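Comments concern the structure below.
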Amino acid sequence: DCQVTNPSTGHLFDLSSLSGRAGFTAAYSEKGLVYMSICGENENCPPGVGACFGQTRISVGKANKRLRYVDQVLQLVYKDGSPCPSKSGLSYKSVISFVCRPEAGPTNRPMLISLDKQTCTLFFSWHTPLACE
């Protein structure tokens with residue numbers, strides 16, 4: 103249910119306050135965006151899809167709720183997106199990484215920071231106080 107524990111302190115991280123089908127957007131390119139929900143599908147995307155391009159609604163990853171803890175970062179990986187334009191045989195995937203930010207940012211939305219074209223992986227970051235222990 104969108105929660106994970108730091109194996110070494112027992113601290114429970116809960117990202118459920120960011121969950122839900124309404125979700126968020128992240129800026130893509132110059133005027134575009136990506137629609138995304140946390141730990142579940144997004145209402146603007148095809149059924150079961152957690153993140154998709156806003157212009158086309160094409161999937162960049164199927165939703166899941168497998169939140170993981172790795173070196174102080176909480177992460178989700180939505181795989182099995184649509185066919186990769188840059189490499190035959192591959193499907194888009196979205197990695198969403200939550201990092202502690204003691205004070206919430208002025209905008210406070212996820213950011214698409216990189217798109218690895220060789221593997222069609224979209225890397226997103228969200229610096230949030232919910233990732234602080």
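Convert by adding 102 to the 1-based position in the sequence shown; the result is the number in the working numbering.
A virtual CB, placed ideally from N, CA and C, is assigned to each residue, including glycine.
Which residue's Cα is closest to the Cα of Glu-145: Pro-208, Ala-129, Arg-123 and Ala-165?
Taking only the C-alpha atoms, the option nearest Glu-145 is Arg-123.
So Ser-161 and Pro-148 are in contact, right, with Cβ under 8 angstroms, and what is the actual spacing, rounded?
The distance from the Cβ of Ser-161 to that of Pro-148 is about 6 angstroms, consistent with a contact at the 8 angstroms cut-off.
Alpha carbon to alpha carbon, how far is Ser-121 from residue 76? Give it in angstroms, no decimals.
Given a span of 103 to 235 for the chain in the structure shown, any question on residue 76 remains unanswerable.
Could you spell out the range, first to last residue, of the beta strand (DSSP E) harbouring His-229?
Annotation: the continuous beta strand (DSSP E) that includes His-229 extends over 223-230.
The ligand HEM and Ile-160: does any heavy atom of the ligand fall closer than 7 angstroms to the residue's C-beta?
Among the ligands in the structure shown, none appear at all, so the ligand HEM cannot be discussed.
Would you call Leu-114 buried or exposed, if buried means 16 or more other Cβ atoms sit within 10 Å of its Cβ?
Around the beta carbon of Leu-114, fewer than 16 other beta carbons lie within 10 angstroms, which makes this residue exposed.
Mind reading off the beta-carbon distance from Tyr-194 to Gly-152? Whole number of angstroms is fine, and I expect it under 8 angstroms.
Actually they are not in contact, since the Cβ atoms of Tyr-194 and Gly-152 sit about 11 angstroms apart, beyond 8 angstroms.
In whole angstroms, what separates the C-alpha of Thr-230 from that of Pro-212?
Going by the C-alpha atoms only, they are around 9 angstroms apart.
Cβ of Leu-176 within 8 angstroms of Cβ of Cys-141?
Against a cut-off of 8 angstroms, the Cβ pair of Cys-141 and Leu-176 comes out as no contact.
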